[PDB]
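Geometric and topological summary
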Amino acid sequence: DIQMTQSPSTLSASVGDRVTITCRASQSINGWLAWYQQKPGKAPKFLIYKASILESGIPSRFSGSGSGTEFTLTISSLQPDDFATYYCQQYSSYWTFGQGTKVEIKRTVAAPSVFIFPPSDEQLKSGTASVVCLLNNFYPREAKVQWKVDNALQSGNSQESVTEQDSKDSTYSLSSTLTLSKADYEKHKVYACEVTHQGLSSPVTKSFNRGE
Amino acid sequence: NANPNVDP
Amino acid sequence: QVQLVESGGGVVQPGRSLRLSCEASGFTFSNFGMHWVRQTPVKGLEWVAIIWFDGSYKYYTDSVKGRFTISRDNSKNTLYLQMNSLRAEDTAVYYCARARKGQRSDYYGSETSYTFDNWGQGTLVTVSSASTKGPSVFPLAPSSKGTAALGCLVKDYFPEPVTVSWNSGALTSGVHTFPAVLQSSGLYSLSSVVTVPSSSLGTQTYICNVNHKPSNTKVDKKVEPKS
């Protein structure tokens, strides 16, 4: 019933930075606001309750503030163990959570290297053709990928997957896979994936002609 | 949200 | 140490049932109320149910009323979640958690409210009509047109996970194995890619080693430039 909204969904920061995360309630929750920290593959961990009370064992660099409908979580000096996803939770009336704010490692903008892969002859026997577009080692993670087939924009028939931030260079890689039927694939010629990313002065299009 | 534990 | 361990998760057909268990250690289980909470990547965290320390009262989130039952066996230090008439939207990681006073312990008065902490590791519930199926492995061949990219498309398997290595683990630098995606068919698919010197296409073979233990499937796929 009480909706919780966090902002931003993803935040980039450097070790040593001061980070603030916002949580907004659809109605007053008094000060019954809790914060949780979650690492990938792990359970959320209780950090703060009553908006501002630190749970025992939680480092003093974490602090919380707010009242009514507006709350904040602050990390005074970010440490490597603090890169994680943070969730707020109201416990005034039942229990509802924000969608989470992922704190990631900041680095410089890096353009993606783009590669396109036609379907293999072997796959066409399955009745389906997969076209894969790879965006390698880029930053930040937000990017725009567009599929065209004989200049027809493809919508609804592609799925994206993104890696976690690389431990060495803090970049991301992303795959976009376009799924077509064998018959549709064989009836069209030009297959193109267009990548828009602020690391590129202009969009990069990688394309192939079927059978060439 | 009421106390569901044995002690307050 | 306080520890909760969930068990019982797995694949269940829609409309069928499943019972989850949560075993407690390191504290007097019968002194605490307990919760079930679930998590999905897209929809996030959702509280499911609460039960009093002695089972004398309980209640549920609207979406599971009439289908889920929370119970406990204090003689076995165990919390249960009986899930009947399961639906696709019940797919999630299910956590158990211990009820927690969300106010200073020393405060006694009306201004108090409860939440929950000490969540367990969770157990994955997958509601699906899919059956166990090994993947098909297709080459992502290096382009004929520096640095080259190649890979393997690991398509149409169930359930997760598959493991992918390159050249029996000798090739690790530049490898990106992407998180699997659930396709509209109900089967999973992923790609594993690697960037190599364009000169190494002439001096090196590239083989993707795919293992899908649920189907006892092992595949070695050679990936080469197309002819």
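Thresholds, definitions, all that
Residues numbered from 1 in each chain as written, not as in the entry; some residues may be left out. Chains lettered and ligands numbered in written order. Heavy atoms only, no water. Residues with missing side-chain atoms left out of burial classes, pairs and counts. Helix = DSSP H or I, 4+ residues; strand = E, 2+ residues; numbered from the N terminus. Rg over C-alpha atoms; globule rule 2.2 N^0.38 Å. Contact = heavy atoms within 4.5 Å. Disulfide = S-S within 2.5 Å. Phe/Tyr/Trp six-rings, centres within 6.5 Å; stacked < 30°, edge-to-face > 60°. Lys NZ or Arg CZ within 6 Å of the ring centre and 35° of its normal. Pairing = 2+ DSSP bridges. Axes fitted to C-alpha atoms, helices over the stretch in contact; angles between N-to-C directions. Domains from an automatic or database assignment. Buried area = accessible area lost by both parts, 1.4 Å probe. Salt bridge = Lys/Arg side-chain N within 4 Å of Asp/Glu carboxyl O. Nonpolar A, V, L, I, M, F, W, Y, C, P; charged D, E, K, R; others polar. Buried < 20%, exposed > 50% of the residue type's maximum accessible area, 1.4 Å probe, protein only. Polar contact = N/O pair within 3.5 Å; in protein donor to acceptor, adjacent residues only side chain to side chain.

In its metadata, the entry names X-ray crystallography as the structure determination method and reports 1.80 Å as the resolution.

**Digging into the overall build of chain A**
Scanning chain A from N- to C-terminus turns up two helices and 19 strands. At 22 Å, chain A has a C-alpha radius of gyration far larger than the 17 Å of a compact globule built from 212 residues. Projected onto its principal axes, the C-alpha positions of chain A cover 65 × 40 × 30 Å. Long-range contacts, defined as pairs at least 24 residues apart, comprise 58% of the intrachain contacts of chain A with a sequence gap of at least 6.

**Examining the state of the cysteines**
Residues and elements named next belong to chain A. One pass over the structure, following the stated rule, counts three disulfides over all chains. A sulfur-sulfur separation of 2.1 Å characterises the disulfide bridge that pairs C133 with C193. With the S-S bond torsion at 70°, the cross-link from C133 to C193 turns out right-handed. Of this pair, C133 sits in strand β13 (residues 128-138) while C193 sits in strand β18 (residues 190-196), and the two are 60 residues apart along the sequence.

**Topic: the packing of aromatic side chains**
All names here are of chain C. Enumeration over the complete set of coordinates arrives at 27 aromatic pairs over all chains. For the ring pair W52 and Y59, a centre distance of 6.0 Å and an interplane angle of 50° mean the geometry is tilted. Residue placement shows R72 over the ring face of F29; its charged tip is 4.2 Å from the ring centre. Stacked on the ring of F27, the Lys or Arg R98 has its end atom at 4.8 Å from the ring centre.

**Considerations on the sheet that holds strand β1 (residues 3-7) of chain C**
Residue and element names in this part refer to chain C. Spatially, β1-β3-β8-β7 is the arrangement adopted by the four strands of the open sheet, whose pairing is antiparallel. Taken across any chain shown, the strands that pair with only one partner, and hence form the sheet edges, are β1 and β7 (68-73). Strand-to-strand, the axes of this sheet are offset by a mean angle of 20°, without reference to chain direction.

**With respect to the domain arrangement of chain C**
On domain assignment, one finds that chain C holds domain 1 (3-127) and domain 2 (136-222). Between domain 1 of chain C and domain 2 of chain C, the C-alpha centre-to-centre distance is 38 Å.

**Examining the interface of chain C and chain A**
Taken together, the contacts link 45 residues of chain C with 41 residues of chain A. Contact between chain C and chain A buries roughly 3,600 Å² in total, counting both sides, with carbon and sulfur atoms accounting for 62%. Sorting the residues of chain C by area buried against chain A places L45, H176 and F178 of chain C first, and these three jointly supply 15% of that buried surface. Put simply, chain C and chain A have four salt bridges between them. Between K226 of chain C and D121 of chain A there is a salt bridge, and its shortest N-O distance comes to 3.1 Å. Of all the secondary structure elements, the ones that give two or more residues to the side of chain C that touches chain A are β4 (34-40), β5 (44-51), β9 (92-101), β10 (114-117), β12 (136-140), β13 (147-157), β16 (181-182) and β17 (188-197) of chain C. Tallying contributions element by element places β13 of chain C first for the side of chain C that touches chain A, with six residues. In the side of chain C that touches chain A, the residues fall into 22 nonpolar, 14 polar and nine charged.

**Let's talk about the sheet that holds strand β14 (residues 163-166) of chain C**
All names here are of chain C. Taken in spatial order, the three strands line up as β14-β18-β19 in an open sheet, and their pairing is antiparallel. Among the strands making up the open sheet, the edge pair consists of β14 and β19 (217-222). Neighbouring strand axes in the sheet, compared pairwise and without regard to direction, differ in orientation by 15° on average. Here β14 pairs with strand β18 (residues 207-212) via four bridges, running antiparallel.

**Examining the side chain of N5 of chain B**
Judged by relative accessible area, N5 of chain B falls into the buried class, the value being 11%. Separated by 2.8 Å, the side chain of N5 of chain B and the backbone nitrogen of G33 of chain C make a polar contact. Excluding its chain neighbours within four sequence positions, the residues that come into contact with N5 of chain B are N31, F32, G33, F53, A99 and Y114 of chain C.

**Considering the interface of chain B and chain C**
At the interface, eight residues of chain B touch eleven residues of chain C. Looking at the side of chain B that touches chain C, its residues break down into four nonpolar, three polar and one charged.

**Details of the pairing of strand β8 (residues 78-83) of chain C**
Residue and element names in this part refer to chain C. Most of β8 is tucked away: five of the six residues are buried. Here strand β3 (residues 18-25) runs beside β8; their pairing, made up of six bridges, is antiparallel. Bridging across to β8, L20 finds its partner in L81.

**A look at the environment of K145 of chain C**
Residue and element names in this part refer to chain C. Structurally, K145 can be placed in the loop between β12 and β13. On the basis of relative accessible area, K145 is assigned to the exposed category, the value being 88%. Once the C-alpha coordinates of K145 and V42 are considered, the two residues, 103 residues apart in sequence, prove to be 38 Å apart.

**Re the domain arrangement of chain A**
Residues and elements named next belong to chain A. One can read the domain layout of chain A as domain 1 (4-105) and domain 2 (113-209). The interface of domain 1 with domain 2 comprises five residues on the first partner and six residues on the second. Ranking the residues of domain 1 by area buried against domain 2 places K102, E104 and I105 at the top, with a combined share of 75%. Applying the counting criterion to the domain 1 and domain 2 interface returns one salt bridge. For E164, the salt bridge identified is with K102, shortest N-O distance 3.6 Å. Where domain 1 touches domain 2, the interface holds four residue pairs in polar contact.

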